[PDB]
Amino acid sequence: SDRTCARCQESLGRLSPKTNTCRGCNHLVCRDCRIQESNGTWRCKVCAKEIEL
Ligand SMILES: [Zn+2]
Ligand SMILES: [Zn+2]
C-alpha cells in the first residue's frame with residue numbers, strides 16, 4: 001500500500017501509478033520491468049514474456 005513494483009518491489013514515487021499499472025495484471029511496474037509491446041501499450045516482463053494461457 002506504498003506503491004512498490006510488483007516484479008522487483010521497488011519504490012515508485014515519481015513513477016505515476018495512474019498509468020504505471022500492467023493492463024494484464026493490474027499491478028504496479030517500474031519503468032524497468034515493462035516491455036514495450038508491439039501494440040499501443042506495455043506489459044510487465046511476466047506478461048510480455050514468451051508464454052500464453
Ligand atoms: Zn503483467
Ligand atoms: Zn520493477
# chains A, B, ... in the order shown; residues from 1 in each chain; ligands from 1
call {"tool": "residues_around", "arguments": {"residues": "residue 37 of chain A", "least_positions_apart": "4", "cutoff": "12 Å", "atoms": "only C-alpha atoms", "output": "PyMOL selection string"}}
result
chain A and resi 22-24+41-45+47-49
call {"tool": "closest_residue", "arguments": {"among": "A:15, A:28, A:5, A:33", "to": "residue 46 of chain A", "atoms": "only C-alpha atoms"}}
result
A:33
call {"tool": "residues_around", "arguments": {"residues": "residue 9 of chain A", "least_positions_apart": "5", "cutoff": "9 Å", "atoms": "only C-alpha atoms", "output": "MDAnalysis selection string"}}
result
chainID A and resid 3:4 28:30
call {"tool": "write_last_selection", "arguments": {"atoms": "C-alpha atoms", "output": "mmCIF file, in the first residue's frame"}}
result
data_model
loop_
_atom_site.group_PDB
_atom_site.id
_atom_site.type_symbol
_atom_site.label_atom_id
_atom_site.label_comp_id
_atom_site.auth_asym_id
_atom_site.auth_seq_id
_atom_site.Cartn_x
_atom_site.Cartn_y
_atom_site.Cartn_z
ATOM 1 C CA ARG A 3 3.230 1.903 -4.376
ATOM 2 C CA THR A 4 6.001 -0.643 -4.932
ATOM 3 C CA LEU A 28 2.471 -1.715 -10.414
ATOM 4 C CA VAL A 29 5.636 -1.982 -12.510
ATOM 5 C CA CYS A 30 8.534 0.476 -12.640
#
call {"tool": "closest_residue", "arguments": {"among": "A:38, A:12, A:2, A:51", "to": "ligand 1", "atoms": "only C-alpha atoms and all ligand atoms"}}
result
A:51
call {"tool": "select_by_dssp", "arguments": {"residues": "chain A", "states": "strand (DSSP E or B)", "output": "ChimeraX atom specification"}}
result
/A:4,11,21,28,34-36,42-44
call {"tool": "closest_residue", "arguments": {"among": "A:50, A:40, A:7, A:13", "to": "residue 25 of chain A", "atoms": "only C-alpha atoms"}}
result
A:7
call {"tool": "closest_residue", "arguments": {"among": "A:26, A:16, A:39, A:32", "to": "ligand 1", "atoms": "only C-alpha atoms and all ligand atoms"}}
result
A:26
call {"tool": "atom_distance", "arguments": {"atom1": "atom CA of residue 1 of chain A", "atom2": "atom CA of residue 21 of chain A"}}
result
13.8 Å
call {"tool": "closest_residue", "arguments": {"among": "A:52, A:17, A:6, A:36", "to": "ligand 2", "atoms": "only C-alpha atoms and all ligand atoms"}}
result
A:6
call {"tool": "decode", "arguments": {"residues": "segment 13-47 of chain A", "atoms": "N, CA, C and O atoms", "output": "mmCIF file, in the first residue's frame"}}
result
data_model
loop_
_atom_site.group_PDB
_atom_site.id
_atom_site.type_symbol
_atom_site.label_atom_id
_atom_site.label_comp_id
_atom_site.auth_asym_id
_atom_site.auth_seq_id
_atom_site.Cartn_x
_atom_site.Cartn_y
_atom_site.Cartn_z
ATOM 1 N N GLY A 13 7.313 6.195 -6.141
ATOM 2 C CA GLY A 13 7.405 7.637 -6.003
ATOM 3 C C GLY A 13 7.041 8.366 -7.281
ATOM 4 O O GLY A 13 5.884 8.359 -7.701
ATOM 5 N N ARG A 14 8.033 8.998 -7.902
ATOM 6 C CA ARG A 14 7.811 9.739 -9.138
ATOM 7 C C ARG A 14 7.678 8.788 -10.325
ATOM 8 O O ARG A 14 8.372 8.932 -11.331
ATOM 9 N N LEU A 15 6.781 7.815 -10.199
ATOM 10 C CA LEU A 15 6.557 6.840 -11.260
ATOM 11 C C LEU A 15 5.220 7.088 -11.954
ATOM 12 O O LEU A 15 5.099 6.920 -13.167
ATOM 13 N N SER A 16 4.222 7.491 -11.175
ATOM 14 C CA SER A 16 2.894 7.760 -11.714
ATOM 15 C C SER A 16 2.091 6.469 -11.853
ATOM 16 O O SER A 16 1.985 5.888 -12.933
ATOM 17 N N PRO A 17 1.512 6.011 -10.734
ATOM 18 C CA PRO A 17 0.708 4.786 -10.704
ATOM 19 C C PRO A 17 -0.617 4.942 -11.442
ATOM 20 O O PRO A 17 -1.422 4.012 -11.499
ATOM 21 N N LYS A 18 -0.837 6.126 -12.007
ATOM 22 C CA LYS A 18 -2.064 6.404 -12.743
ATOM 23 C C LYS A 18 -2.126 5.583 -14.027
ATOM 24 O O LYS A 18 -3.205 5.188 -14.473
ATOM 25 N N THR A 19 -0.964 5.329 -14.619
ATOM 26 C CA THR A 19 -0.886 4.555 -15.852
ATOM 27 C C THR A 19 0.229 3.519 -15.781
ATOM 28 O O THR A 19 0.459 2.776 -16.733
ATOM 29 N N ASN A 20 0.916 3.473 -14.643
ATOM 30 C CA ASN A 20 2.007 2.525 -14.449
ATOM 31 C C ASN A 20 1.495 1.225 -13.836
ATOM 32 O O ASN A 20 2.124 0.658 -12.940
ATOM 33 N N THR A 21 0.352 0.756 -14.326
ATOM 34 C CA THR A 21 -0.245 -0.476 -13.828
ATOM 35 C C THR A 21 -0.532 -1.449 -14.966
ATOM 36 O O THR A 21 -1.449 -1.237 -15.760
ATOM 37 N N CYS A 22 0.258 -2.515 -15.041
ATOM 38 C CA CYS A 22 0.088 -3.520 -16.083
ATOM 39 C C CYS A 22 -1.390 -3.734 -16.396
ATOM 40 O O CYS A 22 -2.190 -4.010 -15.504
ATOM 41 N N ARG A 23 -1.743 -3.606 -17.671
ATOM 42 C CA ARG A 23 -3.124 -3.785 -18.104
ATOM 43 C C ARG A 23 -3.484 -5.266 -18.173
ATOM 44 O O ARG A 23 -4.617 -5.626 -18.494
ATOM 45 N N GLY A 24 -2.512 -6.122 -17.872
ATOM 46 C CA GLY A 24 -2.747 -7.554 -17.907
ATOM 47 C C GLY A 24 -2.676 -8.186 -16.531
ATOM 48 O O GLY A 24 -3.062 -9.341 -16.350
ATOM 49 N N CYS A 25 -2.184 -7.428 -15.557
ATOM 50 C CA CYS A 25 -2.062 -7.922 -14.191
ATOM 51 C C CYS A 25 -2.769 -6.990 -13.211
ATOM 52 O O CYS A 25 -3.306 -7.430 -12.197
ATOM 53 N N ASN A 26 -2.764 -5.698 -13.524
ATOM 54 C CA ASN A 26 -3.405 -4.702 -12.671
ATOM 55 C C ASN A 26 -2.495 -4.315 -11.509
ATOM 56 O O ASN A 26 -2.938 -3.703 -10.538
ATOM 57 N N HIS A 27 -1.220 -4.679 -11.616
ATOM 58 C CA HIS A 27 -0.248 -4.370 -10.574
ATOM 59 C C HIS A 27 0.714 -3.279 -11.036
ATOM 60 O O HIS A 27 0.737 -2.913 -12.211
ATOM 61 N N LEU A 28 1.507 -2.764 -10.103
ATOM 62 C CA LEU A 28 2.471 -1.715 -10.414
ATOM 63 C C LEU A 28 3.747 -2.305 -11.009
ATOM 64 O O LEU A 28 4.130 -3.430 -10.690
ATOM 65 N N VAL A 29 4.401 -1.536 -11.873
ATOM 66 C CA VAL A 29 5.636 -1.982 -12.510
ATOM 67 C C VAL A 29 6.482 -0.795 -12.956
ATOM 68 O O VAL A 29 6.106 -0.056 -13.865
ATOM 69 N N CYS A 30 7.632 -0.620 -12.310
ATOM 70 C CA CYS A 30 8.534 0.476 -12.640
ATOM 71 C C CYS A 30 8.774 0.549 -14.146
ATOM 72 O O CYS A 30 8.271 -0.276 -14.906
ATOM 73 N N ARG A 31 9.549 1.545 -14.568
ATOM 74 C CA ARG A 31 9.855 1.726 -15.981
ATOM 75 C C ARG A 31 11.024 0.839 -16.402
ATOM 76 O O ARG A 31 11.685 1.103 -17.407
ATOM 77 N N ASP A 32 11.271 -0.210 -15.627
ATOM 78 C CA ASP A 32 12.360 -1.136 -15.919
ATOM 79 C C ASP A 32 11.845 -2.569 -16.011
ATOM 80 O O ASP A 32 12.543 -3.462 -16.489
ATOM 81 N N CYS A 33 10.616 -2.781 -15.551
ATOM 82 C CA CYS A 33 10.006 -4.105 -15.578
ATOM 83 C C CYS A 33 8.927 -4.184 -16.655
ATOM 84 O O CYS A 33 8.186 -5.164 -16.733
ATOM 85 N N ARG A 34 8.845 -3.146 -17.480
ATOM 86 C CA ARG A 34 7.857 -3.096 -18.549
ATOM 87 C C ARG A 34 8.503 -3.388 -19.901
ATOM 88 O O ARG A 34 9.620 -2.947 -20.174
ATOM 89 N N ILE A 35 7.794 -4.135 -20.741
ATOM 90 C CA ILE A 35 8.300 -4.484 -22.063
ATOM 91 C C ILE A 35 7.467 -3.830 -23.161
ATOM 92 O O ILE A 35 6.307 -4.187 -23.369
ATOM 93 N N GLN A 36 8.067 -2.873 -23.860
ATOM 94 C CA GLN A 36 7.380 -2.168 -24.937
ATOM 95 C C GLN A 36 6.666 -3.151 -25.860
ATOM 96 O O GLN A 36 7.297 -3.813 -26.683
ATOM 97 N N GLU A 37 5.348 -3.240 -25.716
ATOM 98 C CA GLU A 37 4.549 -4.142 -26.536
ATOM 99 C C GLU A 37 4.342 -3.566 -27.934
ATOM 100 O O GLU A 37 4.099 -2.370 -28.096
ATOM 101 N N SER A 38 4.441 -4.427 -28.943
ATOM 102 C CA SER A 38 4.270 -4.004 -30.328
ATOM 103 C C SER A 38 2.968 -3.229 -30.502
ATOM 104 O O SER A 38 2.805 -2.474 -31.460
ATOM 105 N N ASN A 39 2.041 -3.422 -29.568
ATOM 106 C CA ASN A 39 0.753 -2.742 -29.618
ATOM 107 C C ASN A 39 0.878 -1.301 -29.129
ATOM 108 O O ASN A 39 1.967 -0.728 -29.129
ATOM 109 N N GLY A 40 -0.244 -0.724 -28.709
ATOM 110 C CA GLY A 40 -0.238 0.643 -28.223
ATOM 111 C C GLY A 40 -0.207 0.719 -26.710
ATOM 112 O O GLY A 40 -0.952 1.489 -26.102
ATOM 113 N N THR A 41 0.656 -0.084 -26.095
ATOM 114 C CA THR A 41 0.781 -0.107 -24.644
ATOM 115 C C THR A 41 2.023 -0.876 -24.209
ATOM 116 O O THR A 41 2.959 -1.050 -24.988
ATOM 117 N N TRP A 42 2.023 -1.335 -22.963
ATOM 118 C CA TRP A 42 3.151 -2.086 -22.426
ATOM 119 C C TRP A 42 2.678 -3.143 -21.434
ATOM 120 O O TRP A 42 1.632 -2.991 -20.803
ATOM 121 N N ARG A 43 3.454 -4.214 -21.301
ATOM 122 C CA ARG A 43 3.113 -5.297 -20.386
ATOM 123 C C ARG A 43 4.340 -5.753 -19.603
ATOM 124 O O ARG A 43 5.417 -5.944 -20.170
ATOM 125 N N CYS A 44 4.171 -5.927 -18.296
ATOM 126 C CA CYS A 44 5.262 -6.361 -17.434
ATOM 127 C C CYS A 44 6.063 -7.480 -18.091
ATOM 128 O O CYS A 44 5.630 -8.072 -19.079
ATOM 129 N N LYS A 45 7.236 -7.766 -17.535
ATOM 130 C CA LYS A 45 8.099 -8.816 -18.065
ATOM 131 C C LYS A 45 7.452 -10.188 -17.898
ATOM 132 O O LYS A 45 7.827 -11.149 -18.570
ATOM 133 N N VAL A 46 6.477 -10.273 -16.997
ATOM 134 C CA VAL A 46 5.777 -11.526 -16.744
ATOM 135 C C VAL A 46 4.649 -11.738 -17.746
ATOM 136 O O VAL A 46 4.186 -12.861 -17.950
ATOM 137 N N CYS A 47 4.210 -10.651 -18.374
ATOM 138 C CA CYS A 47 3.136 -10.716 -19.357
ATOM 139 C C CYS A 47 3.696 -10.687 -20.777
ATOM 140 O O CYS A 47 3.344 -11.520 -21.610
#
